Structure formats: structure tokens, C-alpha cells
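This text opens with one protein chain seen in two forms, each one given by itself as C-alpha cells under the names structure 1 and structure 2.
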Structure 1
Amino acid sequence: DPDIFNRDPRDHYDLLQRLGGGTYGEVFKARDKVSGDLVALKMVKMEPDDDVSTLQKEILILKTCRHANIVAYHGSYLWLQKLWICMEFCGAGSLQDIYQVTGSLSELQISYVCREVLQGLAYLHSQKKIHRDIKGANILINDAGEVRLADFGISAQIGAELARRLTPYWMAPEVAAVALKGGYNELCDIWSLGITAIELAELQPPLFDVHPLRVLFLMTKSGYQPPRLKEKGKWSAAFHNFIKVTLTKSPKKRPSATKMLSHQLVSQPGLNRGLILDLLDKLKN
């Protein structure tokens, strides 16, 4: 990235605790030495001859977002052959971290989450960005009960892959759409949010118990039926309709994020971060 700091991140942050890590790198809870504010620092391998294009695109996405519902970005550091991406500290982790302990969320809790995610998606889509990986694991929660979309890794990989693949004159229109856009548009995020709502209500997405390759074939068949909430009586008509409309099969009829923000499930009164503070209290006690 053109604006990476060629400086030691430890000169700027005290690494308080390692929060997690794997093949994707490591994530640390850290404190700004000057301000005392908490941040999350993601440390990834970045060696002299490594391919940087995907991490490049991820930083580009983060640096150009300025919206409360997208994780804040505080710059990146290249030091000791590691790239340190400094981002917002969301002290409750992801909704997936939470629901593995609490169990399914209430309808009001899901409605608030969906509203907040839709606010972030409307912003991303207004910038011609697509998240492409909406799911409970990528929706982070801070100690105030606020909701932030995170982890643009898949979006960055696709943005880099599409550019690498980037003569068209013999291509069928459906091939040209893959070469230029990847074969779909920003409305894929709306579908993914509908699946995520089911995930929050039922602790797993539809077909989670089916082999993933069979799932791919099933969804690509003509006649695939969009999924539904299993226990119809547990949920209001508004929630069922939210699922029906977000899981519209044809992208030409699936509503945009801005339009979905007017849906009765997410525009109803009484949706606020207190609903998630309740969830965090259940997680704690």
C-alpha cells in the first residue's frame, strides 16, 4: 500500500494481549501509547518477494471507508517482515463467538443487527464496494453493543483476482460479465445478510449439514428454493418477509441495501444497542 508506515508498530502500541491467530496471521489487543485508546492489530506475513496484491486491496478498502458500521482503520506498518493492520477494537468479538455461548438471538436482537449491517452495506455499495463474505463471524460487536462489519479478505482476494484476469471481442455476454465484474453484483450481500439472519436465529445457515460441493450444485440448479426459517411460529410475519425478500433468487428483483433499510423489520422503533448489551449480559452471566 502506498501509505504504509515503515516503522515499528511497537513504538506506537503496547501489545496488551494476543486475541487469536492462525494461518491468516495473528490478532492482538493493543493500546495506543499516546492516546490510551484500544485497537486491534492484525499481524500478517509480508516478506520481500511475497505477492502483496491481495493485502494491498484489503488495505485500500479499509482506508477509504469512513462509516460507523465499518471497522475503523488506523493505518498499517511494515516491520520485521510483517504487515501490521491497525483496526477498531470490538471487545466482544464476532456474533459467532457470542452465539456459540448464548444460543440463538431474539428477533429484536437480529433486527437491530440487520439494520446496522444494512447501514454498513448501503455505505459500501455507494462506493461500489462489495463485502462478499457477510456472515456471523464477520460481524463484530464492541462492549457498547455497537455493530461493525469486518474482514474484507475475500473481497480483497476477488478484487485482486479480477484485476489479474484483467481480449473480450469473442466473449458471450455472460462470459464478459465474469471477466469484468466476476459474474454478480452488490446484491449478493443482501442475500448473505438474509442467510446470516437465519444463522443468528438457528445457530447455523441452511444446508449446513449438507456436503458443500452438493450445496453448490443444488443452489445452481434451476428450481432451487430459497431457504426459510424452520420454526415459523417463533418469528413474526415481518421477520419471515425480511427473509423472503432478502433471499430473492433473481438479482434483478432483490432489493438494494438502502431499500431494505425501509423494511418493517429493521425500521421498527426500539432497535438500539441495548438489545446487544442484553446479549452480552447473557454471555457473561
Structure 2
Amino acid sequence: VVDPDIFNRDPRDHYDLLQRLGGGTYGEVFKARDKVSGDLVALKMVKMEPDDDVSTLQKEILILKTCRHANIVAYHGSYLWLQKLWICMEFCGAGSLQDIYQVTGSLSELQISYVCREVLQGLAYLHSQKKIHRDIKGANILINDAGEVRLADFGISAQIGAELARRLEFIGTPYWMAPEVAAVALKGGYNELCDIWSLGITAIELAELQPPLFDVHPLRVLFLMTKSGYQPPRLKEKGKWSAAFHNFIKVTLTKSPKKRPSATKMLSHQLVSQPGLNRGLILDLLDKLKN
């Protein structure tokens, strides 16, 4: 079973499919309008042939289903009919932050600070449920018309969760296994603080329209990060940003995960606990986006 609450009916009987969303970057996601109501929803359709493995699909749905938080994109349910699975989610009218800043340019420090607080609130909830996003970036941070910040796309989170569960289910005999090998089999070799690092990179991305080292080959970036003298990235223009923002970058981009602060600890940081942070900052950004 993909889900004990699947609607075994075609969603086109309840929804008018309006247009495609995100250019396929997030999959086959459509904007859709309810028929008896005006309510708008996002519908992501996945082909479902019988001989396909649906293990990764089932985890993603369960991750989205089990989240009830104001900074995580809302889940409505799933439709299964005629070998098509439609995942029904809240429609975030402004797209991702990457779509936004490609139009408005770099965000103000206050807008970045608001985003970082809202993502940290979502990450704190996720981590408290023993979940790891593992794909925090501008493209996976959606903004709705109400100016709210919602984390989205747990696809990578599902791939990893099903991948580790696959190897565990067919683990065979671990009775001769070494404790560190068993740890990596169960826990995967890292923890939820990888999300804190990704947020730090995302804050730079919102400041500069690019993550650091974006022109470097992917395998060369992985190669540089695994050397003893690795230097965590920094903001380009020092005089453009406050010391609080610089310190926020410095602590979120701590090399050693054993010293990187948690999502909850980071919520007490000077940058994201300042009084001038409110949704008006985002609604102001959407006004600029409307031009």
C-alpha cells in the first residue's frame, strides 16, 4: 500500500488543471482549481506502472503527511487512479525563492534574516521528528501569496530514507560487523546538522544570487570540502552586511558537525531573533516581484 488514506478516484473530477509549474524542475506539478470551491492546489503526477518500485514515493508522501507545521508545505492527500499517482499539496503562488530573486535581485539583509528564521523553525520541527531535509536551498523554499515561507520537496529525503531502509531490510547477518560499520548502516554517516550548513549556504545564495563556488565542477567541490585545510565560504562584499549576518554565516558554516549549532540554538542567534522580522518583509518582496 502506498498510503492507507489514498483517494481511489481521479482528481480531474474534483479539480480543473490550470497550468504547469516550475518548468518540470520539481516534476510534473500542475496548478489546479477546485470545482465546488475556488481553492487552488498543487498536483504532482507520477506515472505508476506495476513493475516499478514505489518505495521512495511512499516515504516522501509519509514525510509530507506527518508534517503539520506552518513552515512546511501543506499536504492534502494523494489520488490513485488509472496508474497515476497525484500528490495534492498547498499551492505557493510566488514559487521558490530562486524564482523570486532571479527577478528582484538579491534580498535585503532583513528579508534574508526573516527567511532564515522561518526555515530554522521548520528545520527544528523536522529534526525534532528525527527527519532530515538534506536539500535546503533557494529552490526548495517556497513562498505563498500570504507571504509565508514553506519548505518543500522532500524527494532527496525520501531517496536517502528508502535507500538506507533497503540495505537494512536485506542486511543479512551483522553478527560479525564492527560497531562503526553498524552505525553507518543504521545512521548513514552524518546527522541533521547538515541542514544547518545548507541554510548558511542558502543565506549566501539569497544575498548573491549564487551559492559559493557555483562555477566549479561538482566533483571538484566535493574534493575540496574533504581536505584538512578547507575554508568554509563567506559573503563576498563584507561592507554590505552587518556583523550579525557575518557571524550567522560563520557559525552555520562550521566545518565540524560536532560543533555546529542546532536549529533551536540558531533560533537564539542575534540575526534571526531581531524585532524587525515579520511577514511584511516578504509581502514587500512580492510587491517588488509584481513590479
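Rigid core here is just the name for the largest C-alpha set that superposes within 1.5 Å across the two forms. Just so we're on the same page, residue numbers count up from 1 along structure 1's sequence.
S.K.: Tell which of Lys33, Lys232, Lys259, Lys253, after superposing on the rigid core, has its C-alpha displaced by 2 Å or more between structure 1 and structure 2, please.
M.R.: Result of the superposition: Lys33 is the only one at 2 Å or more.
S.K.: Honestly, after the rigid core fit, is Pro269 moving at least 2 Å at Cα between structure 1 and structure 2?
M.R.: It does not, since the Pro269 C-alpha is displaced less than 2 Å between structure 1 and structure 2 after the core fit.
S.K.: If we fit on the core, is the Cα of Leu203 displaced 2 Å or more between structure 1 and structure 2?
M.R.: Stays below the 2 Å threshold, so no.
S.K.: After a rigid core superposition, would you say the CA of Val101 moves by 2 angstroms or more between structure 1 and structure 2, or not?
M.R.: After core superposition, the C-alpha of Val101 moves less than 2 Å between structure 1 and structure 2.
S.K.: To one decimal place, what C-alpha displacement in Å is found for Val175 between structure 1 and structure 2 with the rigid core superposed?
M.R.: That residue's C-alpha is offset by 3.5 Å.
S.K.: By how many angstrom is the Cα of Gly21 displaced between structure 1 and structure 2 when the rigid core is overlaid?
M.R.: Core-aligned C-alpha shift comes out at 4.9 Å.
S.K.: After fitting the core, how far does the CA of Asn185 move between structure 1 and structure 2, in Å?
M.R.: That residue's C-alpha sits 0.1 Å away in the other form.
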